[PDB]
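Chemist: My sequence and its experimental structure, below.
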Amino acid sequence: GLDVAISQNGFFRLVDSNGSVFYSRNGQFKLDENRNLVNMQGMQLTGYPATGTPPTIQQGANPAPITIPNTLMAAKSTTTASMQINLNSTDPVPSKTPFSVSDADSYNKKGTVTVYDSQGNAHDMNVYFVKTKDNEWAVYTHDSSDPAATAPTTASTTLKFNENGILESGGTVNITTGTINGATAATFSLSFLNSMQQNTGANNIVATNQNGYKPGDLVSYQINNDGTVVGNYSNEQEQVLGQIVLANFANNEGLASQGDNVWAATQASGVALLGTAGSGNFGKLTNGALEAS
């Protein structure tokens, strides 16, 4: 149950299920099963639709019933990941060759980051650091979640650090996972940004991140003071969903009272002239609203 009633001039513009157009300052709306915002008589709040990708509101649009769909969204294949590591400059070059994910004395450090494909399967990506010489570390990757994946014999990248132990090159590399249960692989940029070689310490992963997940669930929606309606999502992104329209008449005294504080245009009132809060004829909404899902 939303509440955006208007103490100002301007009317909301509503339609009944036959398309007849009505006007009211009452701002009490419920989201019904048809995914419209309706008043207590079931009339549908109208406004400009959103189009495109990303969706936006155009100046050329016909008002239509607001929808808040309600259709789901898909899963989220990982396209970025990061691993911040502190590497020890005094570490030995492993004597055991070759590098093997199974031989624990053939590498200097192992870390993990779990990424997702478009189906939402988890791939546990193992990352191995092998000091090759002073200030250089080869990096191998392997999808431990895919039994058909070939064992890594060639490095995905090589980290080179300068004399001060700051990462100088090799810090960004595209990785493609294996496949799980017939689903397509994830392809993501792996970043070692902020990794450093310490003069002395123990090899240690300080942070990992990645941007994929499971078809999940999100958060809130809001009406801004210019009537724009925005959804807020659990991926820390937002989407514009529509923009409420206001109406004004040359002669408000001419409007036909429909009961409650709802009104219909007549020959006496003139046609509704439409716009938005905060522009032209209309001042901003007094505040707006914010609601959790």
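Modeler: On my side now, so go ahead. Numbers count the residues shown, from 1 in each chain.

Chemist: Can you show me the strands along the stretch 151-293 of the chain?
Modeler: In the stretch 151-293 of the chain, the strands defined using DSSP state E, counting those that start in this stretch lie at 157-161, 167-169, 172-176, 187-191, 196-198, 204-210, 220-223, 228-232, 238-244, 246-248, 256-257, 262-264, 273-275, 289-292.

Chemist: Touching the shortest one from outside, list them.
Modeler: Going back to what we said before, that points to strand 256-257. Under the contact criterion C-beta atoms under 8 Å, 6 or more residues apart in numbering, strand 256-257 has outside partners 263, 264, 265, 266, 269. Every C-beta, even on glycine, is put in place using the N, C-alpha and C of the backbone.

Chemist: so what strands line up beside that strand?
Modeler: Strand 256-257 has its sheet partners listed here by DSSP bridges as strand 262-264 (antiparallel).

Chemist: What segments of the stretch 1-150 of the chain are strands?
Modeler: With DSSP E, counting those that start in this stretch as the criterion, the stretch 1-150 of the chain has strands spanning 2-3, 12-15, 21-24, 28-31, 37-38, 44-48, 64-65, 80-88, 109-116, 122-133, 136-143.

Chemist: For the last one, name the packing helices and strands.
Modeler: Where contact means 3 or more C-beta pairs under 8 Å, 6 or more residues apart in numbering; DSSP states H and E, strand 136-143 is packed against strand 122-133, strand 157-161.

Chemist: give me that answer again for 10 Å
Modeler: Judged by 3 or more C-beta pairs under 10 Å, 6 or more residues apart in numbering; DSSP states H and E, strand 136-143 is in contact with strand 80-88, strand 109-116, strand 122-133, strand 157-161, strand 172-176.

Chemist: Quick check: can you name the pairing partners of the second one and their directions?
Modeler: Based on DSSP bridges, the strands next to strand 109-116 in the sheet, each with its direction, are strand 122-133 (antiparallel).

Chemist: and residue 193, which of the helices and strands packed on strand 136-143 is closest to it?
Modeler: Smallest distance to residue 193 across these (C-beta to C-beta): 6.2 Å, for strand 80-88.

Chemist: so which of the strands of the stretch 1-150 of the chain gets nearest residue 199?
Modeler: Distance to residue 199, taken as C-beta to C-beta, is lowest for strand 80-88 among the strands of the stretch 1-150 of the chain, at 8.6 Å.

Chemist: how far does stretch 33-43 sit from the chain's center?
Modeler: 28 Å (C-alpha atoms, centre = their mean, to the nearest Å).

Chemist: Quick check: buried residues in that stretch?
Modeler: 36, 37, 38, 39, 43 (16 or more other C-beta atoms under 10 Å).

Chemist: The most centrally placed residue in the chain and residue 231: what is the separation?
Modeler: Geometric centre of the chain, nearest residue: residue 237, 3.5 Å, by C-alpha atoms, centre = their mean. Residue 237 sits 9 Å away from residue 231, taking C-beta to C-beta, to the nearest Å as the criterion.

Chemist: Could you take the helices and strands packed on strand 136-143 and lay them out as TSV, with extra columns for mean neighbour count and distance to residue 97?
Modeler: As requested, the helices and strands packed on strand 136-143 are exported to TSV (neighbours: other C-beta atoms under 10 Å; distance: least, C-beta to C-beta, whole Å):
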stretch	mean neighbour count	distance to residue 97
strand 80-88	20	20
strand 109-116	18	17
strand 122-133	19	10
strand 157-161	19	16
strand 172-176	15	23
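
Chemist: Reformat the ones you listed as JSON lines; add distance to residue 223.
Modeler: Formatted as JSON lines, the helices and strands packed on strand 136-143 follow (distance: least, C-beta to C-beta, whole Å):
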{"stretch": "strand 80-88", "distance to residue 223": "32"}
{"stretch": "strand 109-116", "distance to residue 223": "33"}
{"stretch": "strand 122-133", "distance to residue 223": "38"}
{"stretch": "strand 157-161", "distance to residue 223": "48"}
{"stretch": "strand 172-176", "distance to residue 223": "41"}
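
Chemist: For residue 56, find the nearest of those.
Modeler: strand 80-88 (25.1 Å).

Chemist: quick check: angle from that closest one to strand 172-176?
Modeler: 120 degrees (axes from the mean of the first three to the mean of the last three C-alpha atoms, to 10 degrees).

Chemist: What number of residues are in the vicinity of residue 268?
Modeler: Residue 268 has 12 neighbours, counted by other C-beta atoms under 10 Å.

Chemist: Likewise for residue 178?
Modeler: By other C-beta under 10 Å, 19 other residues sit near residue 178.
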